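Atom set for the values below is all heavy atoms of this structure, side chains included, hydrogens, waters and symmetry mates excluded. Proteins get letters first, then strands, A, B, ... in listed order; numbering begins at 1 in each.
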Amino acid sequence: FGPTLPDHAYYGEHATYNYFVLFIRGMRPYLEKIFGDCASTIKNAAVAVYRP
Amino acid sequence: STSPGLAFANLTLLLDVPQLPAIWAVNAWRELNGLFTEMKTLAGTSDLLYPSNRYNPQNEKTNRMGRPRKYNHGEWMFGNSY
Amino acid sequence: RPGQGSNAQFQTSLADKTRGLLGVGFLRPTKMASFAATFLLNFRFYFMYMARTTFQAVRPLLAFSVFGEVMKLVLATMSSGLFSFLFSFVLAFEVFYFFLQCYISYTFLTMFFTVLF
Amino acid sequence: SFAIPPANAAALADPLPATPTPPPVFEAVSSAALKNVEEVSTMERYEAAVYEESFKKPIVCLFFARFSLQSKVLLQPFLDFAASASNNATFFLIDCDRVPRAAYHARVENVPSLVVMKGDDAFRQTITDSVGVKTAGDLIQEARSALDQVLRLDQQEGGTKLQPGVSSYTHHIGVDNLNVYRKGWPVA
Amino acid sequence: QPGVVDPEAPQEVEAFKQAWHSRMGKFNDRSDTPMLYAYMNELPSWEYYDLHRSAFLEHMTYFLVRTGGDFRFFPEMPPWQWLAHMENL
Amino acid sequence: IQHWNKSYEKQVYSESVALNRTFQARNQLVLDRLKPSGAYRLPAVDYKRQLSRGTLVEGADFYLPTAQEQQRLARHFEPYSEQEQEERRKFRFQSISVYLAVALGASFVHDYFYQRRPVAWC
Amino acid sequence: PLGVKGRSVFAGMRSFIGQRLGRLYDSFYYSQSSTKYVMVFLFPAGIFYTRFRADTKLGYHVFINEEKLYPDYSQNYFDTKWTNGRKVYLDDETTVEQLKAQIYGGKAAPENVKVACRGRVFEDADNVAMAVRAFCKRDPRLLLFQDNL
Ligand SMILES: CCCCCCCCCCCCCCCCCC(=O)OC[C@H](COP(=O)([O-])OCC(O)COP(=O)([O-])OC[C@@H](COC(=O)CCCCCCCCCCCCCCCCC)OC(=O)CCCCCCCCCCCCCCCCC)OC(=O)CCCCCCCCCCCCCCCCC
Ligand SMILES: CCCCCCCCCCCCCCCCCC(=O)OC[C@H](COP(=O)([O-])OCC(O)COP(=O)([O-])OC[C@@H](COC(=O)CCCCCCCCCCCCCCCCC)OC(=O)CCCCCCCCCCCCCCCCC)OC(=O)CCCCCCCCCCCCCCCCC
Ligand SMILES: CCCCCCCCCCCCCCCCCC(=O)OC[C@H](COP(=O)([O-])OCC(O)COP(=O)([O-])OC[C@@H](COC(=O)CCCCCCCCCCCCCCCCC)OC(=O)CCCCCCCCCCCCCCCCC)OC(=O)CCCCCCCCCCCCCCCCC
Ligand SMILES: CCCCCCCCCCCCCCCCCC(=O)OC[C@H](COP(=O)([O-])OCC[N+](C)(C)C)OC(=O)CCCCCCCCCCCCCCCCC
Ligand SMILES: CCCCCCCCCCCCCCCCCC(=O)OC[C@H](COP(=O)([O-])OCC[N+](C)(C)C)OC(=O)CCCCCCCCCCCCCCCCC
Ligand SMILES: CCCCCCCCCCCCCCCCCC(=O)OC[C@H](COP(=O)([O-])OCC[N+](C)(C)C)OC(=O)CCCCCCCCCCCCCCCCC
Ligand SMILES: CCCCCCCCCCCCO[C@@H]1O[C@H](CO)[C@@H](O[C@H]2O[C@H](CO)[C@@H](O)[C@H](O)[C@H]2O)[C@H](O)[C@H]1O
Ligand SMILES: CCCCCCCCCCCCO[C@@H]1O[C@H](CO)[C@@H](O[C@H]2O[C@H](CO)[C@@H](O)[C@H](O)[C@H]2O)[C@H](O)[C@H]1O
């Protein structure tokens, strides 16, 4: 009774343009915002402690 | 992808990452048991309860090791013998 | 209608629809058991691979440690000059053999730790 | 090892050449622009639409092919549906062999095909008859239902609740790898 | 990227393309040293039609007749209605 | 021989008809109801179909996010702005001073906060 | 352009979770019936049961002194003979009598049978967990013997 499954159900994704790499390149801006804000907070605290 | 030199990591992953849900479930169950124990303690108990202990069988007719209390047939002026 | 001629042939019995709901010739628990057995048996390859990897990794350590212990026994036992003159060359050969084992291990390890993706 | 030869002059030739037309006697048979739609012939136009007009107001695209008779049957009722609901949505008419990248984008596998799009991933509903049971009227009814649904969802929640999904980070690169050029990524 | 003077050279580009194709083939293709072809009981369209040339012909003639169309629109997986009609015929 | 084999074929085809009926029933009962809509389909096409379409691209294991970074090799006159040049001139060498400071701090923390072990006292 | 006005990050999370679940359902539907059911329900379920039982309950290695005291497991299937050193998981409220009944299948046990750990005899009206805690701490190897003396 014929084929019940499509090709993408078996074949592996593209090697260089894959799901996760596209996803992470799309998330890059939000992650940059997050981690930059965290690092800036920590640095400002350390500087407020060190200068005096 | 993988390789023969990655057999250690492959085996470890295959055998451990499926256990993480069970580990989290065990942690949650422990938290809930602790919560219930603390609620019971707040409510009140004749004899104390050890929180971080496996089992607490003590009651009015049982020692803290599962045996009957000695000298517990009568009543005492100062109340409970414990 | 276009497809009514074909859809008219699709009239099933009560037993037929019950058998379809149960999935008799489409679930194949025997196939599922065969898959489980094969998948569990396929765990021997990991053990084979780790054995090969550890052997190729310790080969130089062996050449450097156990043959070294043998050389040290010989040094501890020998006193004269002729035997020492002859044993210096054995020591040099051990040097060369260690380097050979290191080359072999490097080759097999770059083979075992090479990934396409 | 798997390979496919690059192409042939036949494949690269014009897929839509002209054919002779009959005199006004063969047309006499027993069974005997458009001011409301837009005939698309350029992937540039298709992308402009999908990326600006599909975000402004929904679009309905009919993907057809000349060899198909269902497409000829469905054309006129589609034009009537366009004349009806041209105030609420835009209407496009695409040929798969003339603009294939538009068919690859909409994920059409059979012709004819209606595609209702809004945001390019927020609401993409494809209507077709892969079996061969429906008809033009049924397809148009399904299209009307989908358009009603997308309009209702767009009005719902102060215009929000219709945001692009995977296309926000995929750029349709897994569907058509040629979008890497559009995005400016290298190819070396 | 390799430590060569010109990584954007045609030699490098073609080498990368050939390596890409060889990797994808060694991974996906049905061979005597298979990586991904394993635990196969329900095959996909491509492998199914490559192994059973009789079904490709039947499923194709039915598609061209049931729906007057071109082979370029051949569906990935046929409908069960079509399969049942084929079996009856 | 002849009769038995032909009857074998006939019963084979009876079994085929039964299988087909149950197949139709299974489909039209369970699968036509549980079939996914297609909104959450896989957002990709197989590399073989892409190759047949003439759409496959193979390259750029890396990427360049910003156009300022994409058009550097094409500008030929201002690959880097003046401000960017002045910022880049601060990283002509690696900072062994910063390396040393960070390594000493991390070693101090790792040794005297994270790797403390008991010792006997007499 | 990150974010949109009027929409909330929690709404975004909800939409993302919906997308993930729909994709999972699609991928499970378009999969082999021979592998997916097993790999998604039967191995996870068994692994979960085993891990939970091991990390939550407390087990004991049971031995028996003589062969004449072995139980009769001829009828029950998958275990036609007793083997010493058997791992037995119990509840914190279990007593020696309950353990003995569980061992002998709720049938008539021999006479004067008793339990010991590290040479120390337990009373029949004693909690196994506490008795082990007292006599053989972290060595739960129990022995069933006959106390005639
Ligand atoms: C009790 C019974 C239990 C039985 C199960 C019951 C059901 C439960 C749910 C299922 C749970 C199992 C999950 C399996 C999924 C993965 C394996 C698999 O087979 O998937 C195939 C399945 C089908 O894939 P396919 O058919 O091969 O191709 C289609 C693509 O997947 C299609 O891709 P796409 O185009 O749709 O989108 C791209 C996709 C890409 O997915 C992939 O293709 C591969 C994903 C990689 C997987 C492994 C990554 C490991 C990375 C290492 C982490 C290092 C972190 C270091 C951090 C350092 C910083 C300090 O994006 C993702 O979904 C991945 C996102 C998460 C990756 C996180 C990595 C870090 C990046 C952080 C990003 C920012 C956070 C996200 C923010 C989003 C906005 C809110 O995959 C999917 O459907 C989507 C991917 C899975 C996403 C996760 C889904 C939720 C899982 C919840 C797990 C929680 C379990 C605990 C439950 C509670 C127990 C007590
Ligand atoms: C209490 C809160 C929680 C704790 C947080 C504590 C505070 C940290 C807060 C977070 C960070 C700071 C936030 C505020 C920053 C504000 C200032 C600012 O914006 O810029 C930064 C500020 C200024 O930045 P800038 O304006 O761009 O100018 C920078 C200069 O031009 C200089 O640029 P450069 O290109 O010349 O780079 C200099 C580099 C020079 O380049 C190198 O790094 C070469 C040497 C690398 C060594 C191998 C690296 C191994 C990395 C392992 C890391 C994990 C180790 C485990 C951690 C415990 C280790 C005990 O030296 C380093 O700074 C890196 C030192 C790495 C640590 C050394 C670890 C020991 C290595 C041992 C090797 C020897 C082994 C044999 C031992 C036997 C000896 C007998 O400078 C920094 O603080 C640099 C950040 C250093 C981070 C480490 C470097 C990245 C390495 C990544 C390793 C993987 C980590 C994974 C992360 C977790 C997963 C997601
Ligand atoms: C050429 C270079 C020149 C160098 C010049 C050097 C001379 C300059 C003077 C400074 C000399 C360096 C001093 C190093 C520390 C002392 C030596 C040492 O490490 O002995 C080991 C000894 C280890 O303790 P142990 O009981 O034997 O065993 C440790 C095991 O981990 C215990 O095991 P466990 O299982 O019980 O775990 C318990 C653990 C549990 O810990 C945890 O669970 C998590 C830990 C916290 C994680 C963060 C969570 C977030 C919540 C905290 C928020 C903090 C940020 C504020 C946020 C505000 C917003 C709410 O508890 C802790 O360990 C608490 C750690 C306390 C850290 C907080 C103290 C402030 C840190 C920043 C000090 C900055 C000093 C810079 C000096 C200048 C260097 C250039 O250290 C201590 O006894 C505790 C230190 C208490 C602080 C003493 C500070 C006075 C001494 C320094 C004089 C200068 C004060 C300047 C103050 C500036 C304002 C902050
Ligand atoms: C994909 C990755 C593949 C990885 C392949 C890995 C295989 C090879 C691994 C072998 C590592 C062996 C190095 C440790 C042994 C030496 C220890 C040591 O330094 O002693 C202190 C040495 C000798 O000290 P010493 O003898 O003068 O006196 C002090 C010695 N101690 C402290 C031990 C008492 O220190 C030195 O001064 C050495 C300086 C000279 C340089 C010596 C290095 C060359 C000899 C070793 C070569 C091994 C690598 C060959 C690789 C060939 C590949 C083609
Ligand atoms: C806590 C330890 C974390 C350390 C390791 C992880 C790395 C540390 C950095 C933070 C990790 C999370 C980064 C998220 C980045 C995504 C931002 C984003 O905008 O995504 C698009 C979504 C969807 O946006 P949208 O589609 O609704 O609208 C915008 C549309 N575009 C993009 C087109 C403009 O945006 C968000 O709503 C924010 C999502 C991030 C917040 C949630 C964090 C995710 C991690 C938890 C996973 C579990 C989710 C369920 C939680 C339930 C809570 C009760
Ligand atoms: C520090 C730790 C770092 C490590 C990373 C740790 C986190 C990430 C670890 C992930 C690595 C392991 C991933 C392996 C995943 C394999 C599981 C799998 O894919 O399943 C096998 C099946 C196998 O399918 P298959 O058999 O057709 O094909 C598999 C591959 N070949 C072709 C080679 C055989 O996969 C699926 O098809 C489904 C996968 C998606 C579903 C995942 C399970 C959740 C399902 C929930 C939906 C339930 C719906 C029920 C409806 C019922 C009615 C219809
Ligand atoms: C969807 C959210 C899921 C999050 C995970 C939640 C945990 C789900 C599993 C809970 C199992 C509840 O079932 C219960 O488990 C515990 C631990 O095994 C058993 O209890 C056992 O250990 C505890 C601790 O001593 C005692 O009750 C007793 O010793 C013993 O009976 C109960 O006999 C069983 O009825
Ligand atoms: C100059 C200030 C810089 C800021 C640095 C702040 C860092 C603070 C992080 C401290 C975290 C330490 O975390 C802690 O490490 C110590 C080891 O030393 C561990 O210590 C553990 O082992 C030791 C030795 O057997 C025992 O005392 C005990 O069993 C237990 O305390 C703790 O289990 C762990 O909780």
Can you check whether [Y]'s main-chain N or O pairs, donor with acceptor, with [X]'s side chain at less than 3.5 Å?
X: G:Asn148; Y: G:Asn112; answer: no
X: B:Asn63; Y: B:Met65; answer: no
X: C:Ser105; Y: C:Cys102; answer: yes
X: B:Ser3; Y: C:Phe112; answer: yes

Do [X] and [Y] get their side chains close enough for a donor-acceptor pair, meaning under 3.5 Å?
X: E:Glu47; Y: A:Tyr11; value: yes
X: E:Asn28; Y: A:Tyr10; value: no
X: B:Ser46; Y: B:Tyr82; value: yes

Nearest atoms (heavy-atom pairs only) where G:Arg133 meets B:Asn53: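 Heavy atoms of G:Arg133 and B:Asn53 come nearest at NH2-ND2, 4.0 Å.
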Can you tell me which residue pairs pass the side-chain hydrogen bond (donor to acceptor under 3.5 Å, both in side chains) test with a partner in [range], sequence neighbours excluded?
range: residues 48-58 of chain G; result: B:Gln19-G:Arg51, G:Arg51-G:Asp55
range: residues 17-36 of chain C; result: C:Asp16-C:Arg19
range: residues 41-60 of chain C; result: C:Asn42-E:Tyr39, C:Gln56-C:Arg59, C:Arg59-C:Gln101

Partners passing side chain to side chain donor-acceptor pair (under 3.5 Å) against [X] (at least two apart in sequence or in another chain):
X: G:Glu93; value: none
X: G:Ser34; value: E:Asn41
X: B:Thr62; value: B:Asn59

Results of salt bridge (charged side-chain N to carboxylate O under 4.0 Å, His left out) for B:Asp47 - residues two or more places apart only: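 Partners of B:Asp47 by the salt bridge (charged side-chain N to carboxylate O under 4.0 Å, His left out) criterion, ordered by chain and then number, come out as B:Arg64, B:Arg69.
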Should we count [atom1] of [X] as having more than 12 external heavy atoms under 6.0 Å?
X: G:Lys87; atom1: NZ; answer: yes
X: G:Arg14; atom1: CZ; answer: no
X: G:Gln75; atom1: CD; answer: no
X: C:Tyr103; atom1: OH; answer: no
X: C:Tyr106; atom1: OH; answer: no
X: G:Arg86; atom1: CZ; answer: yes

Salt-bridge present (C:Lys72, C:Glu69; N to O < 4.0 Å):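 Answer for the salt bridge query: no.
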Of all pairs that satisfy disulfide (SG to SG under 2.5 Å), the ones with a partner from [range], not counting sequence neighbours:
range: residues 31-82 of chain B; answer: none
range: residues 113-149 of chain G; answer: G:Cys117-G:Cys136
range: residues 25-85 of chain G; answer: none
range: residues 39-82 of chain B; answer: none

Aromatic plane relationship, F:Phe23 with A:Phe1 - under 30° parallel, 30 to 60° tilted, over 60° perpendicular: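 Rings of A:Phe1 and F:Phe23: parallel, as their planes differ by under 30°.
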Verdict with reasoning, G:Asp91 to B:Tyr55, per side-chain contact (heavy atoms from CB on, under 4.5 Å): CA-CA 10 Å; G:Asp91 305 70; B:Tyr55 189 51; over 6 Å; no
Sequence neighbours excluded - ring-ring contact (aromatic ring centres under 6.0 Å, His included) pairs with any residue from residues 125-149 of chain G: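 Sorted pair list: G:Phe122-G:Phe135.
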G:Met39 vs C:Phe39, side-chain contact (heavy atoms from CB on, under 4.5 Å): CA-CA, chis, key distance, verdict: CA-CA 10 Å; G:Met39 185 64 66; C:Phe39 178 82; 3.8 Å; yes
From CA spacing to verdict: side-chain contact (heavy atoms from CB on, under 4.5 Å), G:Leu69, G:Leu144: CA-CA 8 Å; G:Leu69 295 168; G:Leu144 276 63; over 6 Å; no
Aromatic ring proximity, centroids under 6.0 angstrom, G:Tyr37 and G:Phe28: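 G:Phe28 vs G:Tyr37: aromatic centres under 6.0 Å.
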Ring centres under 6.0 angstrom apart (E:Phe27, C:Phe117):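 Ring-ring flag for E:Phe27/C:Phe117: true, centres closer than 6.0 Å.
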Audit row: E:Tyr37, E:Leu43, side-chain contact (heavy atoms from CB on, under 4.5 Å) steps and yes/no: CA-CA 10 Å; E:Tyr37 196 90; E:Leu43 303 169; 3.5 Å; yes
